[PDB]
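Quick look at data-v7.pdb (PDB, C-alpha atoms):
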```
ATOM      1  CA  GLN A   1      56.910 -37.303 -39.234
ATOM      2  CA  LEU A   2      53.293 -36.999 -38.246
ATOM      3  CA  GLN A   3      51.044 -40.000 -37.772
ATOM      4  CA  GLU A   4      47.379 -40.103 -36.841
ATOM      5  CA  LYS A   5      46.200 -43.568 -35.943
ATOM      6  CA  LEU A   6      42.550 -44.343 -36.291
ATOM      7  CA  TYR A   7      42.109 -47.453 -34.161
ATOM      8  CA  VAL A   8      39.636 -50.190 -34.958
ATOM      9  CA  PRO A   9      39.627 -52.882 -32.270
ATOM     10  CA  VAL A  10      40.051 -56.057 -34.306
ATOM     11  CA  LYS A  11      39.595 -57.897 -31.019
ATOM     12  CA  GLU A  12      36.133 -56.360 -31.005
ATOM     13  CA  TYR A  13      35.425 -57.349 -34.581
ATOM     14  CA  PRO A  14      36.716 -60.901 -35.218
ATOM     15  CA  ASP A  15      34.007 -61.293 -37.846
ATOM     16  CA  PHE A  16      34.769 -57.968 -39.494
ATOM     17  CA  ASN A  17      38.050 -57.872 -41.326
ATOM     18  CA  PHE A  18      39.030 -54.197 -41.402
ATOM     19  CA  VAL A  19      41.987 -55.274 -43.543
ATOM     20  CA  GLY A  20      39.759 -57.053 -46.045
ATOM     21  CA  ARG A  21      37.444 -54.080 -45.769
ATOM     22  CA  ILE A  22      40.005 -51.293 -46.057
ATOM     23  CA  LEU A  23      42.902 -52.508 -48.192
ATOM     24  CA  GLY A  24      41.312 -55.759 -49.370
ATOM     25  CA  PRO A  25      39.658 -54.796 -52.681
ATOM     26  CA  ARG A  26      40.248 -51.101 -52.064
ATOM     27  CA  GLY A  27      43.979 -51.261 -51.311
ATOM     28  CA  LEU A  28      44.302 -49.068 -54.392
ATOM     29  CA  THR A  29      42.882 -46.164 -52.391
ATOM     30  CA  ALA A  30      45.593 -46.480 -49.727
ATOM     31  CA  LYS A  31      48.111 -46.186 -52.536
ATOM     32  CA  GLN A  32      46.237 -43.243 -54.057
ATOM     33  CA  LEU A  33      46.186 -41.436 -50.724
ATOM     34  CA  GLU A  34      49.945 -41.691 -50.260
ATOM     35  CA  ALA A  35      50.542 -40.761 -53.882
ATOM     36  CA  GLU A  36      48.175 -37.775 -53.852
ATOM     37  CA  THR A  37      48.009 -36.532 -50.256
ATOM     38  CA  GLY A  38      51.672 -37.205 -49.564
ATOM     39  CA  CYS A  39      50.568 -39.323 -46.644
ATOM     40  CA  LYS A  40      51.244 -42.997 -46.659
ATOM     41  CA  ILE A  41      48.293 -44.344 -44.826
ATOM     42  CA  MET A  42      49.441 -47.661 -43.481
ATOM     43  CA  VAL A  43      47.153 -50.093 -41.837
ATOM     44  CA  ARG A  44      48.863 -51.030 -38.631
ATOM     45  CA  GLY A  45      48.108 -53.929 -36.388
ATOM     46  CA  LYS A  46      47.813 -57.533 -37.434
ATOM     47  CA  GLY A  47      47.258 -57.989 -41.162
ATOM     48  CA  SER A  48      49.003 -55.069 -42.837
ATOM     49  CA  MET A  49      51.282 -57.032 -45.163
ATOM     50  CA  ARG A  50      50.128 -60.429 -43.852
ATOM     51  CA  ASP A  51      51.301 -62.055 -47.109
ATOM     52  CA  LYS A  52      52.858 -65.490 -46.657
ATOM     53  CA  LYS A  53      55.755 -64.517 -48.899
ATOM     54  CA  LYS A  54      56.220 -61.451 -46.728
ATOM     55  CA  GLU A  55      56.409 -63.354 -43.450
ATOM     56  CA  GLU A  56      59.010 -65.536 -45.132
ATOM     57  CA  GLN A  57      61.352 -62.951 -46.675
ATOM     58  CA  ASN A  58      59.890 -59.525 -45.826
ATOM     59  CA  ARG A  59      59.699 -60.751 -42.229
ATOM     60  CA  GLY A  60      60.860 -58.594 -39.363
ATOM     61  CA  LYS A  61      59.908 -55.484 -41.309
ATOM     62  CA  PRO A  62      57.362 -52.672 -40.448
ATOM     63  CA  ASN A  63      54.528 -54.998 -41.507
ATOM     64  CA  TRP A  64      55.294 -57.326 -38.663
ATOM     65  CA  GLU A  65      56.737 -54.453 -36.702
ATOM     66  CA  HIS A  66      53.244 -53.069 -36.277
ATOM     67  CA  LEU A  67      51.708 -56.547 -36.672
ATOM     68  CA  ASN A  68      52.026 -56.777 -32.918
ATOM     69  CA  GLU A  69      49.825 -53.712 -32.527
ATOM     70  CA  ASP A  70      46.042 -53.881 -32.757
ATOM     71  CA  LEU A  71      44.635 -53.291 -36.248
ATOM     72  CA  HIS A  72      44.273 -49.583 -36.901
ATOM     73  CA  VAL A  73      44.436 -47.256 -39.882
ATOM     74  CA  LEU A  74      47.191 -44.720 -39.710
ATOM     75  CA  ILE A  75      47.750 -41.805 -41.995
ATOM     76  CA  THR A  76      51.488 -41.323 -41.921
ATOM     77  CA  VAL A  77      52.464 -38.004 -43.425
ATOM     78  CA  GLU A  78      56.115 -37.142 -43.490
ATOM     79  CA  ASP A  79      56.142 -33.351 -43.525
ATOM     80  CA  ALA A  80      55.216 -30.388 -41.327
ATOM     81  CA  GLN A  81      52.599 -28.995 -43.725
ATOM     82  CA  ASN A  82      49.142 -28.583 -42.176
ATOM     83  CA  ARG A  83      47.783 -28.486 -45.730
ATOM     84  CA  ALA A  84      49.236 -31.976 -46.068
ATOM     85  CA  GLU A  85      47.484 -33.432 -43.032
ATOM     86  CA  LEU A  86      44.233 -31.759 -44.106
ATOM     87  CA  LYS A  87      44.403 -33.619 -47.425
ATOM     88  CA  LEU A  88      45.060 -37.046 -45.885
ATOM     89  CA  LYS A  89      42.517 -36.507 -43.100
ATOM     90  CA  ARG A  90      39.695 -35.960 -45.599
ATOM     91  CA  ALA A  91      40.753 -39.050 -47.542
ATOM     92  CA  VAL A  92      41.207 -41.100 -44.390
ATOM     93  CA  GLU A  93      37.848 -39.838 -43.164
ATOM     94  CA  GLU A  94      36.293 -41.599 -46.149
ATOM     95  CA  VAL A  95      38.180 -44.605 -44.799
ATOM     96  CA  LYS A  96      36.508 -43.729 -41.482
ATOM     97  CA  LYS A  97      33.256 -44.522 -43.305
ATOM     98  CA  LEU A  98      34.954 -47.719 -44.446
ATOM     99  CA  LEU A  99      36.479 -48.927 -41.138
ATOM    100  CA  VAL A 100      32.895 -49.166 -39.899
ATOM    101  CA  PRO A 101      31.806 -52.810 -39.187
ATOM    102  CA  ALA A 102      28.852 -52.223 -41.507
ATOM    103  CA  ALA A 103      27.905 -55.100 -43.809
ATOM    104  CA  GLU A 104      28.305 -52.864 -46.833
ATOM    105  CA  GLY A 105      30.094 -49.667 -47.785
ATOM    106  CA  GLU A 106      26.943 -47.739 -48.560
ATOM    107  CA  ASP A 107      23.535 -46.572 -47.235
ATOM    108  CA  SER A 108      25.404 -44.848 -44.437
ATOM    109  CA  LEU A 109      26.737 -42.492 -47.104
ATOM    110  CA  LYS A 110      23.189 -41.277 -47.708
ATOM    111  CA  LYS A 111      21.933 -41.642 -44.131
ATOM    112  CA  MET A 112      24.897 -39.748 -42.701
ATOM    113  CA  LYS A 113      24.423 -36.921 -45.173
ATOM    114  CA  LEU A 114      20.754 -36.703 -44.302
ATOM    115  CA  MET A 115      20.253 -37.511 -40.620
ATOM    116  CA  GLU A 116      23.717 -38.182 -39.190
ATOM    117  CA  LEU A 117      24.669 -34.769 -40.561
ATOM    118  CA  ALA A 118      22.788 -33.383 -37.590
ATOM    119  CA  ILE A 119      21.811 -36.167 -35.215
ATOM    120  CA  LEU A 120      21.391 -34.274 -31.983
ATOM    121  CA  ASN A 121      19.699 -30.960 -32.709
ATOM    122  CA  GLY A 122      16.663 -28.873 -31.749
ATOM    123  CA  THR A 123      14.325 -31.363 -33.440
ATOM    124  CA  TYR A 124      15.505 -34.135 -31.102
ATOM    125  CA  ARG A 125      17.508 -32.560 -28.252
ATOM    126  CA  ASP A 126      17.464 -35.702 -26.080
ATOM    127  CA  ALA A 127      19.125 -37.651 -28.899
ATOM    128  CA  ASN A 128      22.251 -35.884 -27.638
ATOM    129  CA  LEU A 129      22.344 -38.337 -24.736
ATOM    130  CA  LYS A 130      22.338 -41.285 -27.130
ATOM    131  CA  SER A 131      23.378 -40.799 -30.750
ATOM    132  CA  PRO A 132      24.143 -43.753 -33.094
ATOM    133  CA  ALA A 133      27.303 -42.111 -34.427
ATOM    134  CA  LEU A 134      29.008 -41.198 -31.174
TER     135      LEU A 134
END
```
Rewrite the coordinates I just gave you, this time as structure tokens.
Amino acid sequence: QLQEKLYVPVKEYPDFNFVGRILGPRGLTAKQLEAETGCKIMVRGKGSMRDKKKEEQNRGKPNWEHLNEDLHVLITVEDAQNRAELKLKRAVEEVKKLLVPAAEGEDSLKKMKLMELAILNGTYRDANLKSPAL
């Protein structure tokens, strides 16, 4: 299969729960992505299926298997279709706006369309040496 793992260093963000951010209230979207894109985007690292019931009975399984990795979001698409990966990558890219340690899941949506759309450009030039969204 094909997997693309978008790492978020949970060691870097102890105060930002990417799990509570990504699959917490929006776990539905992870399900929608696998259902629609054909890619089962699994959050790997510590906290994927961190359910107490799971560590009891579902223990030893993929959830804990990748629990020993660092928290990252992985679009796992089982197929060779490039059209497949294109579909999950766009969806997961919206997650890329989500796995940001931002306090909220907005503002950036508007700011990135406006300014972050073209950060370094003729108007700035030197901003190329230091852009916020590197």
Report the closest atom pair, with its distance in Å rounded to one decimal, for each residue of stretch 16-47 of chain A that has an atom no farther than 9 Å from stretch 64-77 of chain A; count only C-alpha atoms, sort by chain and then rising residue number, and write it as CSV.
```
residue,atom,partner,partner_atom,distance
A:18,CA,A:71,CA,7.7
A:19,CA,A:71,CA,8.0
A:22,CA,A:73,CA,8.6
A:33,CA,A:75,CA,8.9
A:34,CA,A:77,CA,8.2
A:37,CA,A:77,CA,8.3
A:38,CA,A:77,CA,6.2
A:39,CA,A:77,CA,4.0
A:40,CA,A:76,CA,5.0
A:41,CA,A:75,CA,3.8
A:42,CA,A:74,CA,5.3
A:43,CA,A:73,CA,4.4
A:44,CA,A:72,CA,5.1
A:45,CA,A:71,CA,3.5
A:46,CA,A:67,CA,4.1
A:47,CA,A:67,CA,6.5
```
Tell me, in Å to one decimal, how far atom CA of residue A:48 is from atom CA of residue A:1. 19.8 Å
Mind telling me what the PyMOL selection byres ((chain A and resi 24) around 12) catches here, as a ChimeraX atom specification? /A:17-23,25-30,43,47-50,98-99
Atom CA of residue A:128 to atom CA of residue A:115 measures 13.2 Å
Near stretch 131-134 of chain A, 12 Å: stretch 43-102 of chain A residue rows, closest pairs, only C-alpha atoms, as a Markdown table:
```
| residue | atom | partner | partner_atom | distance |
| --- | --- | --- | --- | --- |
| A:96 | CA | A:133 | CA | 11.7 |
| A:97 | CA | A:133 | CA | 11.0 |
| A:100 | CA | A:133 | CA | 10.5 |
```
Enter the distance from atom CA of residue A:94 to atom CA of residue A:35, in Å, rounded to one decimal.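 For atom CA of residue A:94 relative to atom CA of residue A:35, the distance reads 16.2 Å.
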